[PDB]
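A.B. asks: 3D, please:
(5 chains)
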Amino acid sequence: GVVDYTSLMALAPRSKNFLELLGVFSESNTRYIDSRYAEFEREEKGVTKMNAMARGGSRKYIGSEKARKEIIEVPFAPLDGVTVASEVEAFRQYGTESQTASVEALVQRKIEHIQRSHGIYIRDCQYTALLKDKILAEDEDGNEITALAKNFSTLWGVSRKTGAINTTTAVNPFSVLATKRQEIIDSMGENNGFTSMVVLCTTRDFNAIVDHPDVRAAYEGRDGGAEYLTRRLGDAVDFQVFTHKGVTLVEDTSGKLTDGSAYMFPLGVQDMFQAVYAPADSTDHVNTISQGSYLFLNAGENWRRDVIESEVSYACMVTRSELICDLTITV
Amino acid sequence: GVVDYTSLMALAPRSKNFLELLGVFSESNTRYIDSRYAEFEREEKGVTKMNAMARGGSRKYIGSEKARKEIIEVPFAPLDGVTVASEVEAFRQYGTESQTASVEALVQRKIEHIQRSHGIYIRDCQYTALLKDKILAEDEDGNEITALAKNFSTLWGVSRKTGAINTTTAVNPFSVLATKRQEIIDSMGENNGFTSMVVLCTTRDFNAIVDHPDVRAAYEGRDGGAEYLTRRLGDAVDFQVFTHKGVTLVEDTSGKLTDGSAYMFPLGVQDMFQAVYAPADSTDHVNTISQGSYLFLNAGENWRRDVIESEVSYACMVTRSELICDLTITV
Amino acid sequence: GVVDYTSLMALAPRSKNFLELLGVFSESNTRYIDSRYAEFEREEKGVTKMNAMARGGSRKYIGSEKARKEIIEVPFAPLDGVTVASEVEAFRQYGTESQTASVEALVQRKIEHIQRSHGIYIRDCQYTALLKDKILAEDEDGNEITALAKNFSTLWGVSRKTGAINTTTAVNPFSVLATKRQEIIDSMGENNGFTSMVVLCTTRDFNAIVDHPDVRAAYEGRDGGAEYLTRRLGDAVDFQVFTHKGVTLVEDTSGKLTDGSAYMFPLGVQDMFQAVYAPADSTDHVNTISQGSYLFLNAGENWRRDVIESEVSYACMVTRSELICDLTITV
Amino acid sequence: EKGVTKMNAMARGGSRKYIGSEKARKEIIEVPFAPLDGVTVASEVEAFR
Amino acid sequence: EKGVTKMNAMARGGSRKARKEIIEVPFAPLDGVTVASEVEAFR
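C.D. replies: Numbering: from 1, shown residues only, chains lettered A, B, ... in the order given. Here you go:
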């Protein structure tokens, strides 16, 4: 005795995170797998490398295999903690025919509460993947599950870069930023086609870097001058941006970044950031196409109560971590 | 002989006061409870739902066991003062295959007036909760009902921090503000999800605290890209904002805040400012999900008149009162 | 697929504990509330809940006044003993209609066991309330739940009197009890209506104090018996009573008191000891008046057996906790 | 014994119902058998009355 | 690598996290073989 209410979860579509708005974990590089386990492929030169010159008449190259590919388990996080009292049994009292205003309001409030909660968990997963290079999997007590929190620059065999920006000293911060940009470019090689070079920093770090004597005049004159790629692509989100010496300073106002810690990384690199939604934990949605976030009304359980079961499986992957630099500002 | 016109009251949604625009109280932290009593949970040092959780057959935690909950009674406030004229009873004709333009105009004007009054009441409640650190329950003679005027600091066993700013001495006010900022940051613990650090004040306090010799030049040489406050909340509220040293002085232009007192709180902290909506006061509207503000047409109370009955039960809640600092400004 | 069998709980009502027999708790002050939360009013402001009236025709004035009150959540403790031998559902398959031979025996045993266990629980609650001033809330391992184990000396801001009597010493133990009788008398106020000055203690302490040189001349040299009001009223149990100098010693042989703990408190004071029952934990039994101790027959939840589920929600209350004078006896 | 029907505790409204049973002291003994069959009816109406 | 030990319980009351990894199984064909048209007796 369980009713599926996942289709109703589109009444309150999720907003876009800051990362999801920059395009880092966009809706393009996001899949809906059919199983608990997800295969993340690293693009390598040689597997589709036609090259060579063969010979007209025979010996056709059947290039395949020898591709780096690790399968991980998508962590499972339920938000089933709930107890509907009446709630129209979350059924909207036959939401098609007898949809009253009170029932619609209660349904919308519950759906928007379920969304804003999964979206926070998804944001935590994304920021953990970007800032700490691991899958977000922790116990209820708050201790990481080593059996599911696979590190990123260990699974592939890469290592991030480092940095140091003392804005109190006279050295230009953008000199160091450009040097690290060049070091990151040198580590791409084959395709090396990227939209922009962004530096994700906090408000304090942003204002400390910008207010440097070497950069002030430059910021005062332009301050972006409405001629930035991000400002022209979004044109609606309001955050500080600054393009100078090839690196685009971006201000993150969410509280997720510790002060004195910026993360350089390139935008537009293909399959550098991937994420996927695994299916539910039921025996009817197993081996079934994932729907993102799942909502179920449980009435066959204990006759005393009646619970609203909600769940989501979501894991992020950084398939090339050599291109991210962990800066350290000393404002 | 009463007709429920609560549904029609969404025709003219009330505007947002300064606290709603600033993000202190919004639709994200507002719950439509179904009883006279509201339960508020204090999650100290970070709140993050939707953890990883094992997949398939596993524990779907639908409730919390170890917590810190409090129960309060949400004050009631009706504003029935009205008299629907026999012409102002076009409500019975609205949306009934006879709704002309005049009927819609009249009903929307009435609803706009009622919502203006309700928004004034709600603004009073929110400002009382933010500044006075208590629930707004006051008798017709302006005397506080001690039964319903619960103080948050005593309700949680915490105490707001205090500080004194002397804008006539040689000490820099912003050094003191930075010390209070550091104290608040230390108090937040592992949350650190704060978007900004607002210091709400009045025109006199703002103009006297920034004209200090150590901050006069910085104010004079400021930029129009102060922060999200001047950007996001721009073109709607003409206020004065000046970010400096991490603390964002914002001056209030509603008169609800008195001179000589400033309140310094972090924006964006999750489950720090909460609001609830009780249901109506009627046996037909008991044990039901609240609809916010109610509008009833009482056409069976007298033979002479026909009164419009309007009512709302609402209360704000500050679950983290150790993160707000009360500042005394001596001009 | 359950069936409600709480009506049969009246076929064998529980016995009457020593405190219940003594009149400390009774069915007069025992409210069967409708919600999970119980409201207790300390009506210490004389007696003005009801009074005289006048002005026939129309002077009803139905609205009451407001006094000091506290809202607490009553603990919910089940005992799903299960292990129901088939025996046609162990009750002739609801064989309370054609209850010919075996129903009135197996059923009688089942309820005489269930209500015996519930009476043990309720006696524990009452003794914890009177001896320790707190609601009995415990975990499975025996760790107190602080959310529900609300003390009584802080919920009302009153302090119990304390004393110590050394039987070995030469001071008359009843002289000490004479003074602390007055201390409780003064705090009663102007609505003093106590029946007796109960000094309920243990057998060892009773024997030690009555064997004091000053006391034995009156205990042996009098103790008229069948003249003490408690002895005449009860006359159905084995307990020693000695009413000397107003003080009315009562030996408690129930084993709930640790030696050297005499708890002096007035008896018969109206609304000083209150008890509350709460409904079950079912959707059917929500917003329903408490029916005492519940009992259900769960069959379809499992296949290996059929389960009987008993659920009692109970909590005592000592409002005027300033009259109980805990004592310490050294022998 | 205290504990087998000890509802006590405080559980929690919504789940975790205590199914208290077992761990009860219980010994099974054999009931001694004593016959008083020593008798010999002569007529006695064959004790059939 | 954990404990699955059994323990005593009651007549009622229910009573009763493994790291597994997925790999690609290497493929190895030795299809080099020619039928002699007399070894076509595989019928």
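A.B. asks: buried set for the helix or strand where residue A:214 lies?
C.D. replies: Assessed by DSSP states H and E, residue A:214 sits inside helix A:213-221. Neighbour counts using 16 or more other CB atoms under 10 Å in any protein chain shown place A:215, A:219 of helix A:213-221 among the buried residues. The C-beta positions use only the backbone N, C-alpha and C, and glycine is treated the same way.
A.B. asks: repeat for stretch A:65-82
C.D. replies: A:70, A:72, A:73, A:74, A:75, A:76, A:77, A:78, A:79, A:80, A:81, A:82.
A.B. asks: cool, and stretch A:292-307?
C.D. replies: Within stretch A:292-307, the residues that count as buried by 16+ other CB under 10 Å are A:292-298, A:302-307.
A.B. asks: just put those in TSV and tack on secondary structure and distance to chain E.
C.D. replies: Below are the buried residues of stretch A:292-307 laid out as TSV (DSSP: H, G, I helix; E, B strand; the rest coil; distance: CB to the nearest CB, whole Å):
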residue	secondary structure	distance to chain E
A:292	coil	23
A:293	strand	25
A:294	strand	23
A:295	strand	27
A:296	strand	23
A:297	strand	25
A:298	strand	19
A:302	coil	14
A:303	coil	18
A:304	coil	18
A:305	coil	18
A:306	coil	22
A:307	strand	19
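A.B. asks: name the residue of the stretch 51-200 of chain A that lies nearest to chain B.
C.D. replies: Residue nearest to chain B within the stretch 51-200 of chain A (CB to the nearest CB): residue A:121, separated by 2.6 Å.
A.B. asks: that residue: how many residues sit nearby?
C.D. replies: 21 (other CB atoms under 10 Å in any protein chain shown).
A.B. asks: of the buried residues of stretch A:65-82, list those near chain B.
C.D. replies: The subset of those lying close to chain B, counting by CB under 8 Å from any CB of the partner chain, consists of A:73, A:74, A:75, A:76, A:77, A:78, A:79, A:80, A:81, A:82.
A.B. asks: now intersect those with the helices, please.
C.D. replies: Among these, no member falls in helices (DSSP state H).
A.B. asks: of all these, which two lie farthest apart?
C.D. replies: Pairwise distances across these (CB to CB) peak at 25.9 Å, for the pair A:73 and A:82.
A.B. asks: pull out the buried positions in the helix or strand harbouring the residue of the stretch 51-200 of chain A closest to chain B.
C.D. replies: Using DSSP H and E, the element containing residue A:121 is helix A:101-132. Neighbour-count burial for helix A:101-132 flags A:102-107, A:109-111, A:113-131 (criterion: 16+ other CB under 10 Å).
A.B. asks: other residues contacting the following helix or strand past that helix?
C.D. replies: Per DSSP H and E, the first helix or strand lying C-terminal to helix A:101-132 is helix A:152-155. Residues from elsewhere that reach helix A:152-155, judged by CB atoms under 8 Å, 6 or more residues apart in numbering or on different chains: A:70, A:72, A:129, A:133, A:134, A:158, A:159, A:160, A:317, A:318, A:321, A:322.
A.B. asks: any idea which helix or strand comes after helix A:152-155?
C.D. replies: Next helix or strand after helix A:152-155 toward the C-terminus (DSSP H and E): strand A:161-162.
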